[PDB]
Student: 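Got a structure for you, written out below as structure tokens; questions coming shortly.
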Amino acid sequence: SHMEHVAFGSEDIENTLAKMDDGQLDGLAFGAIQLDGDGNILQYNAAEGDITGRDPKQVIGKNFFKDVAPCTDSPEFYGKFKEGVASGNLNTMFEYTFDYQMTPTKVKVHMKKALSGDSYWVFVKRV
Ligand SMILES: *C(=O)/C=C/c1ccc(O)c(Br)c1
């Protein structure tokens, strides 16, 4: 096996992904980003890089909302993220279109608080 057998949207996804280093995150079928509470990128997997074109190694440390993903700097994406950061229970799923310096690509996004401190998952798959 060369993949992690975890489905997008699984109810306990934050528990299953707590064990995963960067290599294991690259075994997921869906894009996975981990952000801090300000939106800085802590982790970013291969599937996400294939969806978006960004280089998973280069995006670490950039700010998702200010730097790499201005199309998500909106109430419908960033607004939802920061509300869930504030409440401590982020868990929201919605479709969205990624269109900054790329062919517009419609995705399903699932944001969910991670078990580690100051850490929040953004999961992405195509629709
Ligand atoms: C809109 O600006 C979306 C940009 C975007 C979406 C998803 C990822 O992973 C990146 Br780095 C940028």
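Every number for a ligand or one of its atoms is a count from 1 in the order of the listing. Index from 1, following the sequence. Reckoned from all heavy atoms, side chains included, excluding hydrogens, waters and symmetry mates.
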Student: Report yes if some heavy atom in the side chain of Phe123 is under 4.5 Å from a heavy atom in the side chain of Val109; otherwise report no.
Tutor: no
Student: Polar-atom distance check: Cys71 versus ligand 1, any N or O pair below 3.5 Å?
Tutor: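 Yes, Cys71 has an N/O under 3.5 Å of an N/O on ligand 1.
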Student: Side chains of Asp36 and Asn40: is there a donor and an acceptor less than 3.5 Å apart?
Tutor: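 Checked: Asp36/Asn40 side chains pair up, N/O donor to acceptor below 3.5 Å.
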Student: With atoms numbered from 1 as shown, which atoms in ligand 1 lie under 4.0 angstrom from a non-hydrogen atom of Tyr44?
Tutor: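 In order of number, 8 (C), 9 (O), 10 (C), 11 (Br).
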Student: Students should be able to answer this: which protein heavy-atom is nearest to atom 5 (C) of ligand 1, and at what distance?
Tutor: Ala69 CB, 3.6 Å
Student: Using ring centroids (six-membered ring only for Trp), state whether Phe94 and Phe77 fall under 6.0 Å.
Tutor: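 Yes, the ring centres sit under 6.0 Å apart.
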Student: Going by the order shown, which atoms of ligand 1 are within less than 4.0 Å of some heavy atom of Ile33?
Tutor: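 Every atom of ligand 1 under 4.0 Å from some heavy atom of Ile33: 9 (O).
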Student: Would you please classify the geometry between the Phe81 ring and the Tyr120 ring as parallel, tilted or perpendicular, with 30° and 60° separating the classes?
Tutor: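 Answer is perpendicular, since the angle exceeds 60°.
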Student: Are side-chain heavy atoms of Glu95 and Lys106 found at a separation under 4.5 Å?
Tutor: yes
Student: Go through ligand 1 atom by atom and flag the ones less than 4.0 Å from a non-hydrogen atom of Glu48.
Tutor: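 Here the atoms of ligand 1 in question are 7 (C), 8 (C), 9 (O).
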Student: So, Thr52 and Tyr100: side-chain donor and acceptor under 3.5 Å apart, yes or no?
Tutor: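 No.
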Student: Would you check the N or O atoms of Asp99, main chain and side chain alike, for any that come under 3.5 Å of an N or O of ligand 1?
Tutor: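 No - when backbone and side-chain N and O of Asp99 are compared with those of ligand 1, no distance drops under 3.5 Å.
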Student: Report, in ascending order of atom number, the atoms of ligand 1 lying under 4.0 Å from any heavy atom of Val68.
Tutor: 4 (C), 11 (Br), 12 (C)
